[PDB]
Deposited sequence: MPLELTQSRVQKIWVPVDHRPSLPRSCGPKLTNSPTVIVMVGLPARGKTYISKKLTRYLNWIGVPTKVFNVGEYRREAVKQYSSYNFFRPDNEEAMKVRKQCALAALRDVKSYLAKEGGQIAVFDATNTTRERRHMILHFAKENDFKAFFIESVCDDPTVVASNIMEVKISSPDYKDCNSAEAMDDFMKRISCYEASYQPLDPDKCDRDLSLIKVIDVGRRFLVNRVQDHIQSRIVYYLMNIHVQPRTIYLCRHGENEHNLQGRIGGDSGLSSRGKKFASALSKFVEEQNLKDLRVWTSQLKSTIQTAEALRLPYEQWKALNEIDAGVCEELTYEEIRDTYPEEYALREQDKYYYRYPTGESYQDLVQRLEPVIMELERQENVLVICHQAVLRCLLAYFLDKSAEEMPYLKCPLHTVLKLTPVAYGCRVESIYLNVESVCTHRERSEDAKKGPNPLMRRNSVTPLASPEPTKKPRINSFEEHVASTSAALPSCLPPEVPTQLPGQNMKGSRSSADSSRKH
């Protein structure tokens, strides 16, 4: 009466007759307030945890409908012609939102635009109602000219809009562009007029928050996430344990210690960390010996996280892939056809891993400088979150032994630099 699904190992009822609530996230705020930053980052998180999510950026539509950008005159409230085009762009983007949530299997749509007037948000609110969408608002408020100017410098002057421009011209144009929105801007007011909307106001670059009427599970998760990200500059280092005894034999999982090359890698990592010369580096390890041994070489304090333990291979723990193929050929084959979803028997899938890692991801967002010493599958999962890689790609990312990945959060994403530390090891990578 119940059968176990062969790939994911879930118990489902046998079916002998197999022959016969989405959300719009609305961005709100003046330009250079980090709205797109938040859009892209939240969407990265949501897709990584498995909630299919898509950004609809009104400006990207405008750049599609109007070939070259001239200047802020385009944004003047008295520009009858431009205003028509901009309104049509928003409506076109909202039509794609509808198509995405109602028809293409998407669960969250992030509507990335200014949305600074009650008029406009009323229209968006009526749109979600008509279509049976929940609406959630994220307003970014920034009253600090230093931050605004830094923002413009960081992401505005080098965007496509300002391709034939120097700094002072682009900066100057952009301040005036901001000006066009200032006059009619009506902040979200949950005290009085917006009493009923589900929203979060992000204040002082994420140090203060107003949150109103969280409706549901996903909204609550979004709020948690948003409240713990920050934009302090930092560096994230990810690597595997130094080579271990099981690596040498091509055995998966288990709890083996460093091979002598692994020990050499640990020393090398110590030297490397020492010369990065970092303020307040947090070091994290799994609870498996190989990662702990590697962290010991650093003579720094480290924390062990059960949640960083390598993927669990269930009955296949401590086997070679060959022993897996000979002993469990049907399991071996299943995994090859669906590597992200496949669960080892009594063990885990990459999908399970992602879920075990949520607390790690959330704490990494809270930290600054961190070094995570972990494992192949685990490292693939973390890297996929940072680099916005898909579930289908995640189990084939290349994370080789003895190599540090240096991640530098930049605006809208992540710079990855690879640094091999010159100690030989086996290769555990396996192509599709």
Seminar exercise, completed: Gaps relative to the deposited sequence fall at 1 to 3, 24 to 33, 446 to 520
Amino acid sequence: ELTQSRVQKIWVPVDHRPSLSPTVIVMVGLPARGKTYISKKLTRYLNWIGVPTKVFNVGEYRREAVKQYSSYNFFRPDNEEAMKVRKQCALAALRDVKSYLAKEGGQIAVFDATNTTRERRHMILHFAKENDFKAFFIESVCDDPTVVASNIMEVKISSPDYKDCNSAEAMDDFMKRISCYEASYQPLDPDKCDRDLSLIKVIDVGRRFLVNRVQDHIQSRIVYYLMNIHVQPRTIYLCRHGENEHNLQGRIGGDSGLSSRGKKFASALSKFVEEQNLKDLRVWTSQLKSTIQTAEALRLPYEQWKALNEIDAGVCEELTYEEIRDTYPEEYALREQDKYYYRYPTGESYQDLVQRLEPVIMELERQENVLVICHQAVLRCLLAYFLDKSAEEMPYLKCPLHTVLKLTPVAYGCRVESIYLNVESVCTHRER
From here on, numbers count along this sequence of modelled residues.
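We call the rigid core the largest set of C-alpha positions that still match within 1.5 Å between the two forms.
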Exercise. Between 241 to 249 and 160 to 168, which has the larger RMS C-alpha deviation from this form in 8 other deposited structures of this protein after core superposition?
Worked result: 160 to 168
For this session: Name the stretch that deviates more in 8 other deposited structures of this protein: 93 to 101, or 200 to 208? Use RMS CA distance to the shown form, core superposed.
Result: 200 to 208
Exercise. Higher mean Cα B-factor in the deposited model: 196 to 204 or 343 to 351?
Worked result: 196 to 204
Exercise. Averaged over C-alpha atoms, is the B-factor higher for 125 to 133 or for 289 to 297 in this PDB entry?
Worked result: 125 to 133
Exercise. So among 177, 306, 356, 240, who wins on Cα B-factor in the entry?
Worked result: 177
Problem set entry | C-alpha B-factor winner, where the candidates are 310, 255, 216, 80 | 80
Exercise. Among the modelled residues of its chain, does the C-alpha B-factor of residue 53 lie in the lowest, middle or highest third?
Worked result: lowest
Exercise. What third of the chain, by the recorded C-alpha B-factor, contains residue 363?
Worked result: lowest
Problem set entry | Assigned third (lowest, middle, highest) for the C-alpha B factor of residue 66 | highest
Exercise. Relative to the other modelled residues in the chain, which third contains the C-alpha temperature factor of residue 100: lowest, middle or highest?
Worked result: middle
Problem set entry | Third assignment of residue 164 from its chain's C-alpha B-factors | highest
